[PDB]
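Visitor: Please find one structure pasted underneath; my questions will follow.
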Amino acid sequence: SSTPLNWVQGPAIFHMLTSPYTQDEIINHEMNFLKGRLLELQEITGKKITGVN
Amino acid sequence: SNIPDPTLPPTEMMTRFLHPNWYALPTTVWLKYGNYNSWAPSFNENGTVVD
Amino acid sequence: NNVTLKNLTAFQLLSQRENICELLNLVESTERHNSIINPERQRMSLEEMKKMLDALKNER
Amino acid sequence: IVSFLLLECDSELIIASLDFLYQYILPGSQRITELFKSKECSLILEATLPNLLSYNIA
Amino acid sequence: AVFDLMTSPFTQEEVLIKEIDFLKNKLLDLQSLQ
């Protein structure tokens, strides 16, 4: 292979049980998911984040 | 077992069930700019299903 | 006041069916067509137009 | 666009109009002349800009 | 959450860093919305 590739376990994609098509419930559950995933990844990596609330 | 007796409430299944066919799709917004502001954008239709 | 998929499809289908049933002349919509035209309202509006025109004519 | 400036209850629209006018009169002076050639634009700017200075600052 | 095995000229570390950046910006935007 002229371009060496790697096996990359990709990023977690947000998946809600009931998709309500409006932005209110979506934004609530999405903020929760974002904070949770940021915490998980900060635990995985040797780094820190700013603005996590 | 932990299964309760069939005579203990509640006893209904679809008490808080919502089918996607009623999920309140997005539509126009209908902004209101004062009273004498007629040269103003009245709608805001960005992610609407119908015009 | 709320719009769901069911409401939208029902509204569109109702409009289509009304139009087609009107094509075959299977519907009598005199009440709607005369509440929208409202010939009494037509006469009232015409007399109002005449009065406003006379007012503008006589101010000179 | 200057009429858009004349509104009051939409900060984002006012900022967009002001950014457009800034980018308009920015390169030189002939565009300033073309802008103030119109009497309506001149009057609206003259009546609006000082009041936009004291916009929502109590 | 869903994880999809993929392939790219990057490494796991750079991908995680890009994910951190994107998620941080998105959370900042969602917070600024309210």
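Read-outs: derived from the displayed coordinates by stated rules, not from any lab. Counting neighbours? That spans all protein chains shown, and the Cβs are built from the backbone with ideal geometry, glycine included.
Visitor: If you take every residue apart from B:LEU25 with its C-beta less than 15 Å away from the C-beta of B:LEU25, what net charge results, scoring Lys and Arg +1 and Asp and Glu -1?
Guide: Result for the local shell: -3.
Visitor: Still on this structure, please answer the following. Taking each residue in B:14-27, count the Cβ atoms of any other chain within 10 Å of its Cβ, then average. What number comes out?
Guide: 4
Visitor: To continue, here is another question. Calculate the FRET efficiency for C:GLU28 and C:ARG60 from the Cβ-Cβ distance with a Förster distance of 45 Å, rounded to the nearest 0.05.
Guide: On the way: r = 50 Å, r/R0 = 1.11.
FRET efficiency, C:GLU28 to C:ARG60: 0.35.
Visitor: Using a cut-off of 18 Å between alpha-carbon atoms, which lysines can reach A:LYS48, once sequence neighbours fewer than 8 places away in the same chain are excluded?
Guide: A:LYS35, E:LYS18, E:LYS24, E:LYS26
Visitor: Here is a follow-up. Each label point is 7 Å from the Cα along the Cα-to-Cβ direction; what then is the distance between the points at A:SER1 and D:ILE25, in nm?
Guide: Between A:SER1 and D:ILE25, the simple spin-label model gives 5.9 nm.
Visitor: Same structure again: Within the stretch B:15-29, name every residue whose backbone N is under 15 Å away from a label modeled 7 Å from Cα of A:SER19 along the Cβ vector.
Guide: Within reach of a label on A:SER19: B:20-26.
Visitor: Of the listed peptides A:35-41, C:29-35, B:13-19, what is their order by residue-averaged count of other C-beta atoms within 10 Å, with the highest listed first?
Guide: Result, highest mean first: A:35-41, C:29-35, B:13-19.
Visitor: Along Cα→Cβ, 7 Å out, is where each label goes; now give me the distance between the ones at D:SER54 and E:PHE10 in nm to one decimal.
Guide: It is 5.3 nm.
Visitor: Would you work out which of C:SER45, C:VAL3, C:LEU56 lies farthest towards the positive end of the dipole of chain C, given +1 charges on the beta-carbon of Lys and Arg and -1 on that of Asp and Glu, about the Cα centre?
Guide: Towards the positive end, the residue furthest out is C:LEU56.
Visitor: Among E:24-32, A:45-53, how do they line up by average Cβ neighbours within 10 Å per residue, starting with the highest?
Guide: Packing order, densest peptide first, comes out as E:24-32, A:45-53.
Visitor: Over the whole of E:11-24, what's the average partner chain Cβ count within 10 Å per residue? Rounded to a whole number, please. Mind showing how you got there, number by number?
Guide: On the way: counts 3, 6, 2, 2, 5, 7, 3, 1, 7, 9, 0, 1, 9, 6.
The per-residue average across the peptide is 4.
Visitor: Further, regarding this structure: How far is helix A:23-44 tilted off the main Cα axis of chain A, in degrees rounded to 10, range 0 to 90?
Guide: 40
Visitor: At 7 Å along the Cα-to-beta-carbon direction for both C:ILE37 and C:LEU14, put a label point, then send me their distance in nm to one decimal.
Guide: A separation of 2.5 nm, rounded to one decimal place.
Visitor: Right, here's the next one. Where nothing but the Cβ of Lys and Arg (+1) and of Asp and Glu (-1) is charged, how large is the charge dipole of the protein assembly as shown around its Cα centre, in debye to the nearest 20?
Guide: The calculated dipole for the protein assembly as shown is roughly 480 debye.
Visitor: Additional query: Where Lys and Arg each count +1 and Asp and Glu each count -1, what net charge lies around B:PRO41 among other residues with Cβ under 12 Å from its Cβ?
Guide: -2
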